[PDB]
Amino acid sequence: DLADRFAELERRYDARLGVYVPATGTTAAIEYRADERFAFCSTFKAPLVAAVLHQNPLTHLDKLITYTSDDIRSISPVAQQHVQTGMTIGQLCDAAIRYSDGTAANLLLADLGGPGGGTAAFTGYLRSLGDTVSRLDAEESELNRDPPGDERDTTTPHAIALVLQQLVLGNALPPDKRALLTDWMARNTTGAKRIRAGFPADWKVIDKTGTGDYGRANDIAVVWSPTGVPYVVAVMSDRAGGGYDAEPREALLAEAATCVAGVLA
């Protein structure tokens, strides 16, 4: 059965794999370790942008945010080029999703306001959507440690898949805001070797990745069949057993996604 295939990927990659695909009118749910916790890594940046879209009118996307060198934390491919000029909220949303810009994500968290530099506001947003599992505790920083077993900054494939489904396919955002989220995810630059690589080229794929130490490698996606039928695919992985320096394995996520594609096609 399907569980056997995922368990075989775990054995082969020396990894823990989590998979969830919400049930639909056309498919039963796919679940493997779907209610086990995995580090968000950068996958929270997609619902983060949704929180920002939700909390403001769309005119807010043109608000210019300025910041300094002291705000550059973690890989920030876009934000590192605009220290002098600043970036709009919309530009930050773009960067946070499409380039996993950490500084962009921290500035969006700030834009949410409230305690913890926005991490509470973000978590409250998830709570609002019906997610009582996921939590963000910590801003982006390349100095962050997050050892296995710590519940901080974690979600579950089940929880994050239901969130993404509400955001992109459901009614959590009005259509004008929904379209921006979808488009940013559709033009992501970081995901070509994960879920995208497990689905035939005639499927549409939009996604948001995350990568971390302990071999952490995640991808959350919405896919559309060649006949236009959408599904949400969350695949999360780590290799806590190999320690801090365990290599993330994108191919694990591609191959999990291949299994999923088989069930859905």
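Position 1 is the first residue in the sequence shown; the rest follow in order.
Relative to one another, 141-149 and 107-115 have unequal mean CA B-factors, and 141-149 is the one with the higher figure. For the pair 77-85 and 98-106, the mean B factor over Cα atoms is greater in 77-85. The residue among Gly210, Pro200, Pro47, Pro230 whose C-alpha carries the highest B-factor in the deposited model is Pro200. Within the group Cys93, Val133, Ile195, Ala186, the record's highest C-alpha temperature factor is found at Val133. Sort the modelled residues of the chain by CA B factor and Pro157 lands in the lowest third.
In the deposited entry, the Cα temperature factor of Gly191 sits in the bottom third of values across the chain's modelled residues.
The entry lists a Cα temperature factor for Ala240 that places it in the highest third of the chain's modelled residues.
In the deposited entry, the Cα temperature factor of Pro22 places it in the middle third of its chain's modelled residues. In the PDB entry, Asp219 places in the lowest third of its chain by CA B-factor.
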